[PDB]
Ligand SMILES: CCCCCCCCCCCCCCCCCC(=O)OC[C@H](COP(=O)(O)OCCN)OC(=O)CCCCCCCCCCCCCCCCC
Ligand code: HEM
Ligand code: HEM
Ligand code: HEM
Ligand code: HEM
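Chains as they are written, first to last, in PDB author numbering: chain J, 10 to 69; chain E, 72 to 148; chain K, 16 to 46; chain C, 2 to 389; chain O, 2 to 389; chain F, 7 to 122; chain R, 8 to 122; chain A, 476 to 527.
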């Protein structure tokens, strides 16, 4: 309760500040979700990516 | 005795501080308690995060679909 | 009027942040 | 209230019509989530229009370039695969939500008075949707598109007096060829805007008489404004639909499709299984089930005759099926029969599917031929169950 | 009057809005034929839409097939030369009628209050017409088509920071090739429906605030219904326009065009005389007259800013030009200037045409800069001319 | 034929189900007649006493409120409910009979439905 | 400002306006549209009913003549008072009241509706 | 009392209103033909401005 009220009085007294907060949070959350999903992808399929084939540079 | 005053008339003529609501699918808070006004606003803030991200995605997808293509990019040497 | 100026400046900041988030010119911004 | 000076920018003439008909239009306070489908078919239409325009910036309606152009959108265009999958699966979603719209109307008897014009404009919208989806499906110029177009347009020669003349005029020649492809592309581009106009007339009529409700009773006693009470409800509906659509775009983008369409059309070879999209299947099933193909076209016309004749039946004062056990069971049987008939359409025309489709069509028409009888008999209920 | 039983179909809810806004709308009794020009512009838009649809049933948006497809329309399609000549010369007549519409508005000061919104929506409509006609003229893919597209799209590079990016994005691939052709076909097909929406909003705002009259005075004393009194006047206008347009279609169909558009586009050589269509010539002349192409683009933006800034002037009490001799002369000088400006745009940049254009554009802006002065002095008039 | 719950088990079950539903939402069978539906119900409601029509509106509002809240009438009032205690069928029959007579011999409709 | 009785051009302008206005049988004040300014509306509301009704009659006559494509007969053209104004004083008073009301913290008594 | 009263300026009024009015809960009591009076959510939303 106290934490929510404190952040409320921080960032919910002017709608311009609220819109800036919404946009910044959307950007940061998008980047964080990108990073998490990429880490899950790497963990799941290991040994299949392009820079993993043993002979990637020997077709010359 | 004789009148049997109607329910609405009796309610209007007798205001009382023991007000009773429905409380079927929405339970009341105890009478002395602060309103959780900020928590709802932060929930809505998370939703708005998501909505803004989706709108941004859609606009960029359409506009950059109208942009150049790998065919012409590879053709240009 | 000073309050209106502050509100207009804050709204301009918000709009600039929105445009920056939409375009993502982080590469472009050299200075 | 003399409007000497401005109070609210919503009530100014620039925003007054929108104010009234969107923000302040009173709606019954007990509407369920089944009205969100009416709110959601419009969103599907908008999605289709936008994705279609951005696709048409890349499609070539010639007969030697249509398939390669679609593959160009698939591969070379940045985000093009998203556009094409959105357009196809969005046609599918449009039809799904419109079917849910129609069936809620049937369950709650929304077609009854005084919304006959609403139902009739809905039927016209259904015709427009069917024609648009078909002529659009011919565009990618695959095996299924070419041969479905051939079969369906050739089955317009069942009309006695004209027949071949109309077919030749429609084809622009003697067979489904480049002229038909170009014609179909132009018509596919045009028709959705007539569909927007028809949707606007649909909404205008409904707003003239107001929306129904689950109880089916007069509901001008307890009403609330549209915004914000139903805006948030429709928002929940839209987000759920977005999750469904995102599943159907990113994980099963071709499940609703037919694999033979990824073969360039070849007029000298016929695919073993010529069938339309899943959302033309019940109509196709009725058409095939009735033999003597002229009779099949007559039956297809009769389907729309019945749909248009639904709102003009007998007394049937009680309308909601929550208080009509017999009509409730009849509605569930109708829905089951429509699903079964849709299943039959994809099946071959061998046995026993012929008999199963012939019985199913008869049940489907029996639904329309039985409801007036239900109304006539139920007109005299209160006199029989009265507790006097 | 309680509407117990229905008297007239026109007052029924199905035809009530149409009744009001088409049959029963009160109109000033003294309107001349330029209001007929407004209706005529509407008809020209409808003609363009219909002929364009039927043309797009035969046009291939590919770079290798567009020109030969148009020659197909002219030579092989049954009565296709009529469709193409109707579309092209109908674009020309659409612009002629809209110009007469605009100049009547300027003469009678119809832009004044309370029709500022009507004038602004008209300006938006004019922008949409310009864009639609330009992208459509790119479609036939001739020398003039390709090179005009190149020049007019490449002058978008004048934007300070994002000019080159916008040019490349609109081009789609460093040139004006097939990608630009498909893009322009899709946009040309889409825009007329937005134009229809803009026209409907235009008419709605006007109908809100009535209609001006040749006197500019309040006109709620003597008003008559629109039908049949102004339908017949508009009909006379329509028949005269049909005769004019039939003169253009059948006897002189290529006078309003340039012969360079009958040569297939060859990006190697450059035709010696690159000019847009005749109805873009005044704008082209202004832009060419002011050098430093960034200044030219700024000047076009300034033209549209002035056009949008006409309605919001300060005093401007007397409206019509019948009681404003100074403004009457100013308007006639402006019209002569506009005609001269249009003629300059077809001439080369060799002298003296540079001086003539740099004077004509200045005079154009001078007209737009000396109307408030006349309004203020006129506001000063009444307390000087009193006869007592 | 005329099938009543006394002489028909199926009619008895049908009446029982209708009684159960109407009692759940606490509104009489006559309250389901929409005035916008027929315009004869509109006239019949215009001819009824104000107390009766006000009771009808109150019952309908209660039913709509219960429908929104996704709940049913409490079991007390549910046992106190009296569906099929009609108040409108006689007046509706009179109105329809009068309309039939007027139509049968000369006469213009006293009221008509707008289009649409 | 040297308009009247000292400017040949202004004299010519007055002559032309008199000719045109008397030709249609109007007055200068009748050219003031109530919908244009919303101060003309208040002035016309405040003016006496006889004056307003005469204004409306003159406007209707002018519109009738404009429809018929003809002018007043020479007799009524002679009996014309194109510049016998009736609105300037009331309009100036209304404008002055508006001026003070905006000068010291007041809401407008009427505003233009956004179209 | 006068000193306390005229020690109230515009900033004090704004601060007190923000303490008491900005985004607080209203209590409405109405009777009569109030079928056109807006509901609770309407007032509760009108207690703040989104422009500032
Ligand atoms: C070389 C560089 C400099 C170039 C410019 C230099 C010259 C500037 C202008 C000089 C002349 C200005 C004349 C102004 C006074 C006009 C007097 C007037 O109104 O006379 C009345 C006359 C009425 O006409 P009518 O009714 O036919 O008369 C019969 C009478 N029983 O009314 C008339 O006849 C109407 C005359 C209207 C004339 C309007 C145009 C001239 C005045 C404004 C000039 C603005 C120039 C810039 C803008 C041009 C347009 C864009
Ligand atoms: C003006 C709006 C529209 C435009 C411009 C448009 C344009 C196109 C184009 C260019 C194609 C071919 C590209 C492709 O095959 O993916 C296409 C295909 C299609 N369109 Fe549309 N369309 C529009 C609206 C609609 C609507 C409203 C529907 C649904 C009723 C629809 C249904 C389809 C279908 C089913 C296909 C076939 C998709 C496939 O199988 O590849 N279109 N449309
Ligand atoms: C383009 C597809 C369609 C759109 C966009 C559409 C849109 C709408 C909208 C917005 C409503 C009001 C909201 C609602 O009640 O759910 C509505 C209601 C309705 N529609 Fe449609 N509709 C479509 C197709 C149909 C069809 C095909 C029919 C039937 C033939 C139909 C029949 C109805 C009926 C009966 C209602 C009244 C709902 C009620 O009972 O209150 N609609 N529609
Ligand atoms: C698509 C082209 C256009 C169409 C269909 C159109 C249609 C109309 C119509 C139907 C009217 C009412 C009838 C009339 O007064 O003539 C009208 C009036 C008007 N239009 Fe347009 N218009 C168009 C373009 C423009 C443009 C470009 C402008 C100027 C920017 C404009 C400004 C006006 C004005 C000021 C009126 C008021 C008429 C009056 O004062 O009596 N229109 N228009
Ligand atoms: C949705 C309606 C419309 C469609 C489908 C359409 C379609 C087309 C097509 C396919 C062409 C090329 C055919 C040819 O070369 O003759 C064309 C040309 C053209 N269109 Fe449209 N058009 C439409 C509306 C308009 C409108 C409103 C204008 C504006 C006046 C316009 C202006 C032009 C012009 C200037 C050309 C080039 C004329 C020429 O071929 O030389 N179009 N249009």
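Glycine residues also receive a C-beta, built at the ideal position from the N, C-alpha and C atoms.
Check, Outcome
"C-alpha gap between residue 250 (chain O) and residue 127 (chain E), whole angstroms", "49 Å"
"Every unbroken alpha helix (DSSP H) inside the region 19-93 of chain R [4 residues or more]", "41-44, 46-53, 56-75 and 81-85"
"Residue 387 (chain O) at chain R interface by Cβ criterion, 8 Å", "yes"
"Pair within 8 Å by beta-carbon distance, residue 302 (chain O) and residue 291 (chain O)", "no"
"Beta-bridge partners of residue 28 (chain O), as assigned by DSSP", "O:225"
"At least three beta-carbon pairs within less than 8 Å, the region 105-119 of chain C to the region 309-321 of chain C", "yes"
"Test item: CB-CB of residue 50 (chain R) and residue 97 (chain R) under 8 Å", "yes"
"Contact belief for residue 46 (chain F) with residue 101 (chain F) at Cβ below 8 Å, rounded distance in angstroms", "5 Å"
"7 Å Cβ shell around residue 59 (chain F) - same chain, five flanking residues per side excluded", "51"
"Segment contact flag, the region 250-265 of chain C with the region 84-100 of chain C, C-beta cutoff 8 Å, min 3 pairs", "yes"
"Stretch pair the region 207-219 of chain O + the region 10-20 of chain O: three plus CB contacts closer than 8 Å", "no"
"Proximity of residue 145 (chain E) and residue 175 (chain O) at Cβ, strictly below 8 Å", "no"
"Continuous alpha helix (DSSP H) stretch holding residue 325 (chain C): start and end", "Note, residue 325 (chain C): premise wrong, no alpha helix (DSSP H); not H, not E."
"8 Å Cβ cutoff, residue 45 (chain F) in contact with chain O", "no"
"Minimum Cβ-Cβ distance from residue 93 (chain E) to chain F less than 8 Å", "yes"
"CA-to-CA distance, residue 222 (chain C) to residue 63 (chain F), given in whole angstroms", "7 Å"
"Among C:370, C:32 and C:23, the one whose alpha carbon lies nearest that of residue 308 (chain C)", "C:370"
"Ligand 7 heavy atom lying under 7 Å from the CB of residue 42 (chain K)", "In terms of ligand content, the structure shown lacks ligand 7 and carries ligand 1, ligand 2, ligand 3, ligand 4 and ligand 5 instead."
"Length-filtered (3 minimum) beta strand (DSSP E) runs lying within the region 190-235 of chain C", "224-226"
"Neighbourhood of residue 362 (chain O) by C-beta distance below 6 Å, restricted to the same chain and skipping five residues each side", "287 and 290"
"Own chain, CB closer than 7 Å to residue 45 (chain C), minus 5 neighbours either side, in chain order", "91, 94, 95 and 98"
"Bridge partner(s) assigned by DSSP for residue 265 (chain C)", "C:143"
"Inter-residue CB distance, residue 217 (chain O) and residue 319 (chain O) (contact presumed, cutoff 8 Å)", "7 Å"
"Check: residue 212 (chain C) C-beta below 7 Å from any heavy atom of ligand 3", "yes"
"Closer than 7 Å: residue 94 (chain C) CB and nearest ligand 2 heavy atom", "no"
"Residue 393 (chain O), DSSP secondary structure in three states", "The structure shown does not extend to residue 393 (chain O), since chain O is modelled only from 2 to 389, so the question has no answer here."
"Cβ-heavy atom distance, residue 16 (chain J) to ligand 3, below 7 Å", "no"
"Presumed contact (8 Å Cβ cut-off) between residue 184 (chain C) and residue 198 (chain C), rounded CB distance", "Their Cβ separation, rounded to whole angstroms, is 22 Å, which puts residue 184 (chain C) and residue 198 (chain C) out of contact at 8 Å."
"The region 80-94 of chain F contacting the region 28-44 of chain F, beta-carbon criterion three pairs below 8 Å", "yes"
"Cross-chain neighbours of residue 6 (chain O) in chain F, by beta carbon under 8 Å", "114, 115, 116, 117 and 118"
"Residue interval of the alpha helix (DSSP H) (run including residue 17 (chain K))", "17-38"
"Contacts that residue 15 (chain C) makes with chain R (C-beta to C-beta distance below 9 Å)", "120, 121 and 122"
"Assigned secondary structure, residue 16 (chain O) (DSSP; H/G/I helix, E/B strand, else coil)", "coil"
"Coil, strand or helix - residue 501 (chain A) by DSSP", "coil"
"Where residue 8 (chain R) falls, given that 16 or more other Cβ within 10 Å makes a residue buried", "exposed"
"The alpha helix (DSSP H) enclosing residue 370 (chain C), as first and last residue numbers", "354-379"
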